[PDB]
Every structure is written in C-alpha cells, then in structure tokens.
Amino acid sequence: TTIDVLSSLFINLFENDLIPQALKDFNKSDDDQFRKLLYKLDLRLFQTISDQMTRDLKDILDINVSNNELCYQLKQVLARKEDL
Amino acid sequence: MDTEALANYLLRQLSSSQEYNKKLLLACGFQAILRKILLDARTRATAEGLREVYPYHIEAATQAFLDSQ
Amino acid sequence: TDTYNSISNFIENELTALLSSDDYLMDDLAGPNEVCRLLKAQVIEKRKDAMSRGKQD
Amino acid sequence: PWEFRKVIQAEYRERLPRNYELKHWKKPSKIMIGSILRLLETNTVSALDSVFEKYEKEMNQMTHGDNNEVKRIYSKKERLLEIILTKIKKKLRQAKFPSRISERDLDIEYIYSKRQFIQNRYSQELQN
Amino acid sequence: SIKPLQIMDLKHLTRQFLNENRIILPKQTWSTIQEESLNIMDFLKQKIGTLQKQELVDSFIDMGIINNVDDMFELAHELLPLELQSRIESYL
Amino acid sequence: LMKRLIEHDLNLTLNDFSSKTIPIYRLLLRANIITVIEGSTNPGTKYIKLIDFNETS
C-alpha cells in the first residue's frame, strides 16, 4: 500500500496544487500569447508528469507480479521440455 | 551456530548493550515463530497421517498462521 | 527465429504505448484541457485489469 | 494537499485492513529520496522532450525562428521544474512510510530489464 | 546470496528441536523453510522496525505467542544460554 | 515458599509468588531444578515443584 499512498499523494498534489494554479495562470494571461503558451506548456508538463507518476507506479506493481507469473510459466515450459 | 550468531546476522542485516538485548529478544522471537510453525506442520502431517512433513503442509500452516497475524 | 519476442515486442510497442500516446494526443488536439484530462481519467478507470502486462502476456 | 502527512495518514488508514496496526511510523530515508528524485528526474526529462517535440511549430512561429528564445525558455522551465523538485523533496522529507522499501524495490529500469531478460529466456525455451 | 540464509545454518539452528520433538525434514522441506526464513524476517521487520521497551512486548502479545513478560523471560529461558537469559532478566 | 518446596507441597503455583518474589522465582527457574507444568484442571495456573533430588531409579 506504500506505492498506493505514494500514488495518492502525487495525484492529490498535482491535481489540487499545481495543475489548477497553472490553469488559472493560463486563463489569466489573455493579453499576451507568449506567457499564455508558457502556461499552456506548463499544464502539459504537470499533467504528463502526473500521468507518468500513476502509470509508472501501476506498471511497477504490474510488472512485479507479471514477472512471478512469467517465472511460473517458464518453470512449466522447462518441465515440459524435460519430459519431451 | 548460537543464538548470538543469529543476532549477528540480524545486526548485519540492519547495518549498544541495550540494542544487543533487543536483538537477542528478536532472535528469540524468530526461533519461537519457527518452532510454532514446525509444530503446526507436524500437527497437520499427523492429521493426514504422514510421518514426515512436506512443503505444502508447512505452506498451509504458515498461511493459516499469517492469516491470524 | 524468435517468434515470441517479436509478438510481445510488437504488442508492447505498437499496440499499447502507441494507443496511449495517440489517445492522449488526439484528445489534446480534439478542440480542451480539462475535457481531455477528465475523459482520460474515466477511460483509464474502465480499462482496469485489461491493459495490464498479465493481459498482454 | 501540500500537507502530506494528513493525506498519508488518511490513505494508510483507508487502504489497509482494520486489524493492520500501524504503530511504527518512520520518516523516509535517504535512499528513498534518491530513488524518488531519480524517477522524477527521468520522467521530467521524458515529459519535457515529448512536450517540446509536440509543440515545436507554435514555438517556432511565435518566436519567428529564434532558437535562442527557445533555449532560454527551455532553461527557464528547467529551473522551474528543479525548484518544484526541491519543494516536493522538502515536503516528503517531513513524511512517514515503512522502511521495508529499498532502491531495488522501486526502480523502473531494473525491473524492466529483468522482465526483458526473463521474456527472452521464455521465448528461447519455447523455441527449443 | 547475502540476505538469504543457508541450509546448514538452519540445521545448526533447529536441529535439536527436530530431534527432541520427533520431526523428519526432507530436503524439499529444508529448501522451503530456507525460503520461508526470508518471509518471516521481512514480516518481523515490517511489524517491528525500531526497538524500544513497551512496543516489543505489546507486539509479542499481539503475535499470539506470549501473554506477559513472564512468558517473555520463560521463552528466553528455553532459547538462550544461562548468561544471556540472566542478562535479559536484568534487562527486563 | 521454601518450606512448601522442600516438603513438596502439591498446592504450590504461581499465585502465591508476589511481585517481589518474581526475581527469586526466576533465579529458581534458571537453576533448572523445578518442574513448570500447567494444571489440567485449572489452565493458566502453573503448578511448581522441585525435581526429585534423591531418586535412584
């Protein structure tokens, strides 16, 4: 659950502190494009980082169990090879 | 291989006199876990009638033990 | 020959990573921002235990 | 949400069974900080590469081909990302999590390489 | 490797317990308990990470092994040499 | 307590040992000269007596 609470911490932090702040900054800079696309690419940065956090943690857990499953499959394949 | 050797194993796993006593009590608890698990393994083997124990016996015993813990 | 690595690598390269990147890019370029983030949230939500490495394996 | 400890306690109480005694709370050690910062650094590098490759044309037409301003803004956003990284490092340095996690228990590259190796061995055994 | 224990370590650890109380262990069971020692050590370190006075005896009460400190230094009596159990009694 | 132990009293247990006599009982237990057996009729009550120092079996 440590990976789960880490993912929850990252989700809450990015979704309530940084992404809304940069979204309000993007909505504020209506007069100048140059700061406007700066805040838009900031939104890009924070949202891709949040998605990467969630996907990487879920992928760590998923590969950690899939490696054991693939090891069991490898043991079955080795046993079938010995019998063959 | 004494219990103090297992305490040495635990300290090198985690890496004065009071912490040595703490680790010695931890080693005693570890030996208690092993003895209880082996007792449960013999209990289930005798329930099934086998003289010796097997990996599935002690796996079931330790799963039942960790279910309560 | 090595058919099984070719199959698995083709899946994990052109099937799931390409799908995620293309869905994110198309949802970003559909317009806008909050719409895309929310829609990505529920499509990730309902694809649980379907895009996992066990399923591709 | 910047109050990391309250969210940590609430999620630990919610996502664990009621007989799970969380008596011991430990601050994250230095190896956890190093692993988290390494993952964040690699993922920020990948994210900035993806963003600047996806939005290169608007950046070029707004600056009228001035690559110097492109590199200046790349440096500015690098500074901002490093500042945010230091901020979240300071926020996690006041945090609680069991010390059972090591560097090898949380690293994408090592587990991915192990998966690649065991998959190659699986396919080779299937070939034989 | 470095963290897992060896088979002969387990023989030297629990050989007398399997002899007084008649236990027969084949080699597969020996390898299984060599694997299980790691899981037991990880569970013990997850339950008890740091060590101070009251929490260990409270956890051992929660472990279902003991009921008081009397059970603690009676279980230490049957698992330690005389100098070590006397030292533990001076500690408790 | 010592007179009951020497006379081999069958009613000896852990109840009559006070908190002050707990180190004395621990000293006696460290000598390995006493039988620690829990009563079948009353579980939790450890009946205590010295081992026989005079037998020639």
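Residues numbered from 1 in each chain as written, not as in the entry; some residues may be left out. Chains lettered and ligands numbered in written order. Part of a larger assembly, values for the part shown. Heavy atoms only, no water. Residues with missing side-chain atoms left out of burial classes, pairs and counts.

Its PDB record attributes the structure to cryo-EM, giving the resolution as 3.4 Å.

Looking at the overall build of chain F
If you tally the helices and strands in chain F, you get 2 helices and 2 strands. Secondary structure elements of chain F, listed N to C terminal, follow the sequence α-α-β-β. Considering only C-alpha atoms, chain F reaches an extent of 35 × 25 × 20 Å along its principal axes. By residue count, 30% of the 57 residues in chain F fall in the buried class. Considering only intrachain contacts with a sequence separation of at least 6, the fraction spanning at least 24 residues in chain F is 30%. For chain F, the centre of its 7 positive side-chain charges and the centre of its 6 negative side-chain charges are spaced 11 Å apart. (Helix = DSSP H or I, 4+ residues; strand = E, 2+ residues; numbered from the N terminus. Buried < 20%, exposed > 50% of the residue type's maximum accessible area, 1.4 Å probe, protein only. Contact = heavy atoms within 4.5 Å. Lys, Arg positive; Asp, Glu negative; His and termini not counted. Charge placed at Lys NZ, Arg CZ, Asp CG, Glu CD.)

Observations regarding a nonpolar patch on the surface
Residues and elements named next belong to chain F. Where nonpolar side chains cluster on the molecular surface, the patch consists of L1, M2, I6 and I24 and spans about 370 Å² of accessible area. Mapped onto the secondary structure, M2 falls in helix α1 (residues 2–6). For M2, a relative accessible area of 42% puts it in the partly exposed group. (Patch = residues over 30% accessible without salt bridge, like charges linked within 9 Å, V, L, I, M, F, W, Y side chains within 5 Å. Areas by Shrake-Rupley, 256 points an atom, 1.4 Å probe, with all protein chains shown as cover. Salt bridge = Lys/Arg side-chain N within 4 Å of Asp/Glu carboxyl O.)

Some remarks on empty space enclosed by the protein
Its boundaries defined by the atoms lining it, the largest cavity holds a volume of some 120 Å³. Along its surface, the largest cavity is lined by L6, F10, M53, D56, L57 and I60 of chain A together with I36, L39, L40, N43, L106 and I108 of chain D. Listed by contribution, the elements that provide at least two residues to the lining of the largest cavity are α1 (2–28) and α2 (33–83) of chain A together with α2 (30–54) of chain D. (1 Å grid on protein atoms, 1.4 Å probe; cavity = no way out; pocket = protein on both sides within 12 Å on 5 of 7 lines; lining within 4 Å. Points joined across faces, edges and corners; volume = space filled by probe spheres on them.)

Describing the interface of chain A and chain D
Much of the literature gives interface size as the accessible area that the parts lose upon coming together. The interface of chain A with chain D comprises 40 residues on the first partner and 40 residues on the second. Roughly 4000 Å² is buried in total at the junction of chain A and chain D, and carbon and sulfur atoms are behind 78% of that figure. At the junction of chain A with chain D, the criterion picks out 1 salt bridge. Between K77 of chain D and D42 of chain A there is a salt bridge whose closest N-O contact spans 2.8 Å. The interface formed by chain A and chain D holds 6 residue pairs in polar contact in total. Only α1 and α2 of chain A provide two or more residues apiece to the side of chain A that touches chain D. With 29 residues, the top contributor of residues to the side of chain A that touches chain D is α2 of chain A. A class-by-class count of the residues in the side of chain A that touches chain D yields 21 nonpolar, 11 polar and 8 charged. (Buried area = accessible area lost by both parts, 1.4 Å probe. Polar contact = N/O pair within 3.5 Å; in protein donor to acceptor, adjacent residues only side chain to side chain. Nonpolar A, V, L, I, M, F, W, Y, C, P; charged D, E, K, R; others polar.)

A short note on the interface of chain E and chain B
The partner chain B presents 40 residues to the 46 residues of chain E that form the contact. In this assembly, chain E packs against chain B so that about 4400 Å² is buried in total across both faces, 71% of it on carbon and sulfur atoms. For chain E, the biggest contributors to the area lost against chain B are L13, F17 and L79 of chain E; these three give 14% of the whole. At the boundary of chain E with chain B, the tally comes to 0 salt bridges.

As for the nonpolar core
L6 and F30 of chain B together with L18, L25, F60, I65 and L80 of chain E are the most contacted members of the largest nonpolar core, which totals 47 residues. Tallying contributions element by element places helix α2 (residues 17–48) of chain B first for this core, with 13 residues. Each residue touching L80 of chain E, except ones within four places of it in the same chain, is listed here: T3, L24 and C28 of chain B together with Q85 and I88 of chain E. In terms of nonpolar packing, the next biggest core, distinct from the first, is built from 38 residues, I19 and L43 of chain A together with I33 and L40 of chain D among them. (Core = buried A, V, L, I, M, F, W, Y, C linked by side-chain atoms within 4.5 Å.)

Some thoughts on the pattern of salt bridges
Counted under the stated rule, the structure contains 19 salt bridges over all chains. In this structure, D30 of chain A and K36 of chain A form a salt bridge, with 2.7 Å as the shortest nitrogen-oxygen distance. Residue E82 of chain A pairs with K81 of chain A through a salt bridge whose shortest N-O separation is 4.0 Å. Where salt bridges share partners, they join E45, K46 and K48 of chain C into one cluster.

Focus: the pairing of strand β2 (residues 46–50) of chain F
All names here are of chain F. The side-chain alternation of β2 yields one buried face, formed by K46, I48 and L50, and one unburied face, formed by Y47 and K49. Alignment of strand β1 (residues 34–38) against β2, held across 5 bridges, turns out to be antiparallel. If you follow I34 over to β2, its bridge partner there is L50. (Pairing = 2+ DSSP bridges.)

Focus: the arrangement of the chains
Between chains B and E lies the most contact-rich interface of the 6 pairs of chains that touch. No interface is formed between chain A and chain B, the nearest pair of C-alpha atoms being 17 Å apart. There is no contact between chain C and chain F; across them, the least C-alpha separation is 51 Å.

Structural notes on the environment of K11 of chain E
Residues and elements named next belong to chain E. Tracing the sequence through the fold places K11 in helix α1 (residues 7–14). Overall, the relative accessible area of 30% leaves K11 in the partly exposed class. Sequence-wise, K11 and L38 are 27 residues apart; in three dimensions their C-alpha atoms are separated by 16 Å.

What about the side chain of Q52 of chain A?
Position of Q52 of chain A relative to the elements: it lies in helix α2. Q52 of chain A gets classed as buried once you look at its relative accessible area, which sits at 10%. Each residue touching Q52 of chain A, except ones within four places of it in the same chain, is listed here: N43, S46 and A47 of chain D.

Thoughts on the packing of aromatic side chains
The final tally for this structure, using the stated rule, is 7 aromatic pairs over all chains. When the ring of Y4 of chain C is compared with that of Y122 of chain D, the centres are 5.4 Å apart and the planes differ by 70 degrees; the resulting orientation is edge-to-face. On the criterion of chain membership, the pair formed by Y4 of chain C in helix α1 (residues 3–28) and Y122 of chain D in helix α5 (residues 108–127) is interchain, its members lying in two chains. For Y122 of chain D, a relative accessible area of 9% corresponds to the buried category. The rings of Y12, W25 and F97 of chain D are connected pair by pair, giving a single aromatic cluster. One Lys or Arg, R35 of chain A, reaches over the ring of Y39 of chain A and ends 3.6 Å from the middle of that ring. The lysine or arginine in question, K36 of chain A, covers the ring of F26 of chain A, its NZ or CZ lying 5.5 Å from the ring centre. (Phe/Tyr/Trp six-rings, centres within 6.5 Å; stacked < 30°, edge-to-face > 60°. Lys NZ or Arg CZ within 6 Å of the ring centre and 35° of its normal.)

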